[PDB]
Amino acid sequence: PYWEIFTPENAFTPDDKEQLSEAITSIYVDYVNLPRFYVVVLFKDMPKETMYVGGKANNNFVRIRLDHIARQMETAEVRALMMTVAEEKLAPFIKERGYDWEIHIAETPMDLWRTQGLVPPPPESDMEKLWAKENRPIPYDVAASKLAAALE
Amino acid sequence: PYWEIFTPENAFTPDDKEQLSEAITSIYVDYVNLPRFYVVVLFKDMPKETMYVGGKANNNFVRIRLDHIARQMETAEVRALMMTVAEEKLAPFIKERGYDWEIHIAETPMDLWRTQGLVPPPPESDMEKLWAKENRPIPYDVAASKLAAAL
Amino acid sequence: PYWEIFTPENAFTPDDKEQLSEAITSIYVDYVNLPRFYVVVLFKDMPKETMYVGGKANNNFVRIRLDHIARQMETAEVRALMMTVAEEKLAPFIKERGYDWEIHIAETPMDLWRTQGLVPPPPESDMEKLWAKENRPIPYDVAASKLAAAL
């Protein structure tokens, strides 16, 4: 997953960013045992008078946008749950500190994606589980792993 | 709508940004009666030698990218009209100030979107009109709103 | 094509950026005959403690994202080729300099895109070839060009 979090300048401490990115990472670990390092969160500090909401500068506004690449969400229930859990993780850092905020997700093609130059392994495959356990992208025989994964 | 406008450093004053983001907001207020606060415009100053066009730095280039989330544009005519009006609103600040520029839109799924943690109301619904009038996201019974709006 | 390259601060010099964006541009020129100026690369310096990978800051990490607008890649083989060649162009600047890195592509609708306020010509069309030769967006009659292209 690819997350962008646009904040008022200096809204979050380094410890805040660690804690919040950990919470966001836990979504994908807990619900789909994704390798932790798949989860990328980019914090973007926005200076005053750079975020305009409804045509007026808003310096108390956090805008979040994310791509999902590894998995598709194929039912209304699963899609609603993703939004529900995302807001649950964000609330201690954003809602509960009095910020205004908005979030949206896009789904992008799984096959147009490389990490450390490698083809990520198939969902729920042994190699994906290995990548998760090691928490690093391990070079592997893509065809061999795909073949065995298809016969699971 | 989620707009990113990448500009040369110090291209726009705060007054500029207010007026341009106001012009952009007016597109959605006027044409589709969207709540103003849905329209988010992020101005991103780009230092010299950070925007490369055709392999060469262009320090006089404004790049615009937007996501449309709330509605889909379903006909060629409506889609063309959006591009035309966007260019109209941008021209006084960008084209007419001598910049080179480029713009594109992506459309993203309506059901993967929350404002203030809330599910936004149906297009053209009473709750959406209420959200526009109050210009804030009002907690409401989503199913009750969807029900009455359908009827 | 619209590339974003998020890097640690001061990772790349302007000459690095020229060379790398030239390599990226060459992909589209060589394989698709696209006008050079379609290829936009935005370099974004990211301070320490702003890129978090698996819940921990990675201050040695380059993240690349691109939109493809002017072409759709319709077969598995072409799509794999795109990724392979992208990595080949990136390697001297990123992999071989010891960075960790990740890249992905989205495809966005071709009709919601303007450059210099103009409708870009159709893929492989004569007007596209003219735009490529001149390396600038040339105003043209959209209907007149489409009329001749049909014959």
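Protein chains in written order, with the authors' numbering: chain B, 1 to 152; chain A, 1 to 151; chain C, 1 to 151.
Cβ atoms here follow ideal geometry from the backbone N, Cα and C, with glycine treated the same way.
CB contact flag (residue i, residue j, <7 Å)
i             : j             : result
residue 3/A   : residue 90/A  : no
residue 135/A : residue 71/A  : no
residue 63/A  : residue 102/A : yes
residue 39/A  : residue 54/B  : yes
residue 59/C  : residue 8/C   : yes
residue 44/B  : residue 6/B   : yes
residue 128/C : residue 121/C : yes
residue 117/C : residue 87/A  : yes
residue 83/C  : residue 114/B : yes
residue 125/C : residue 144/C : no
residue 112/C : residue 104/A : yes
residue 100/B : residue 61/B  : yes
Partners in chain B for residue i, counting only beta-carbon separations shorter than 9 Å
i             : result
residue 113/A : 83, 102, 103, 104, 105
residue 39/A  : 52, 53, 54, 55
Cross-chain neighbours of residue i in chain C, by beta carbon under 7 Å
i            : result
residue 93/B : Those within 7 Å of residue 93/B in chain C number zero; the least Cβ separation is about 13 Å.
residue 79/A : 111, 112
9 Å Cβ cut-off: residues of chain A touching residue i
i            : result
residue 66/C : Under the 9 Å cutoff, chain A gives no residues; its nearest Cβ is about 12 Å from residue 66/C.
Chain-ordered neighbours of residue i on chain F, where CB pairs are closer than 7 Å
i            : result
residue 98/A : The structure shown contains no chain F; the protein chains it does contain are B, A and C.
Chain B residues whose Cβ lies nearer than 7 Å to that of residue i
i             : result
residue 135/A : 54
residue 14/A  : 49, 57
Per-residue contacts from residue i into chain C (C-beta, under 8 Å)
i            : result
residue 42/B : 6, 46, 50, 51, 52, 63
residue 87/A : 114, 117
Proximal chain A residues relative to residue i, where beta-carbon distance stays under 7 Å
i            : result
residue 21/C : 52, 55
Residue i - partner residues in DSSP beta bridges
i             : result
residue 52/B  : 57/B, 41/A
residue 99/C  : In the DSSP output, where bridge partners are listed per residue, residue 99/C has none listed.
residue 63/B  : 6/B, 102/B
residue 107/C : 68/C
residue 127/A : According to DSSP, residue 127/A bridges with nothing at all.
residue 115/C : 102/A, 118/C
residue 73/B  : In DSSP, residue 73/B forms no bridge with anything.
residue 46/A  : 8/A
Classification of residue i by the beta-carbon crowding that lies within 10 angstroms, buried from 16 upward
i             : result
residue 52/B  : buried
residue 11/C  : buried
residue 123/C : exposed
residue 75/C  : exposed
residue 50/B  : buried
residue 34/A  : buried
residue 1/C   : buried
residue 14/A  : exposed
residue 92/B  : exposed
Neighbour list for residue i in chain A, Cβ cutoff strictly below 8 Å
i             : result
residue 17/C  : 49, 50, 52, 57
residue 142/C : Simply none; closest approach about 11 Å.
residue 75/C  : Those within 8 Å of residue 75/C in chain A number zero; the least Cβ separation is about 22 Å.
Beta-carbon neighbours of residue i, restricted to chain C and to distances below 9 Å
i           : result
residue 2/B : 63, 65, 102, 104
Chain-ordered neighbours of residue i on chain B, where CB pairs are closer than 8 Å
i            : result
residue 70/C : Result: empty, since nearest Cβ-Cβ is about 15 Å, beyond 8 Å.
task: May I ask you to verify whether the stretch 21-30 of chain A touches the stretch 12-32 of chain C, counting CB pairs closer than 8 Å and requiring at least 3?
output: no
Any 3 or more C-beta pairs closer than 8 Å across the stretch 108-125 of chain B and the stretch 69-84 of chain B: yes
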